[PDB]
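One chain comes next, on its own, written as structure tokens: the form deposited in one PDB entry.
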């Protein structure tokens, strides 16, 4: 509690200078270190931990708005092309083209036995949609089966990502702001830690 307030202030003092940037995004990702060979941190949770997180959120947030989308992402020259998906899971039309620029990244200290937490602030700038002419297979692709639960200023994202045949499970929390420059405050960052720590320690 007392230390949670300190890290919330440390996060805010580092992110404060960036809130004037348009298209800024803030996220807290569950994950773990040294779970695949060539990577340091991997933003994934186990299959059964994903499921236990799901029912927790389904029960404690059953009153909240819930969306559900299947999309097909293509990484190409640093840009991410998002495609809509048909009944078979296959790409149709390109809906958005965005470029992600990491601004600030912080590792959150976590209780022993809980999932690691990664706090990231970045810009996701939309781009010229004519670049969809490259098609949905010009680069590495990820099929994303996302369940989003929006609760106030927080959006929980639970995603099954099929990539090169293997299916991974991802859990993250995003900020839902009308104006992040005015609404992302210390007390918001303190709550983000509270809610992320709850998911990370569900065992």
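Positions refer to the first chain, counted from 1. Whichever C-alpha set is largest while still superposing within 1.5 Å between the two forms counts as the rigid core.
In what follows, reference is made to the form deposited in another entry, a form of this protein that is not presented.
No residue of 69, 160, 46, 64 other than 64 has its CA displaced by 2 Å or more between the shown form and the other one when the core is superposed. After superposition on the rigid core, displacement of the C-alpha of residue 7 between the shown form and the other one amounts to 2 Å or more.
Relative to the superposed core, residue 20 shifts its CA atom by 2 Å or more between the shown form and the other one.
Look at residue 19 and residue 98: in the other entry their Cα atoms come 3 Å or more closer than in this form.
Wider separation of the C-alpha atoms of residue 16 and residue 156, by 3 angstroms or more, is seen in the other entry than in the present form.
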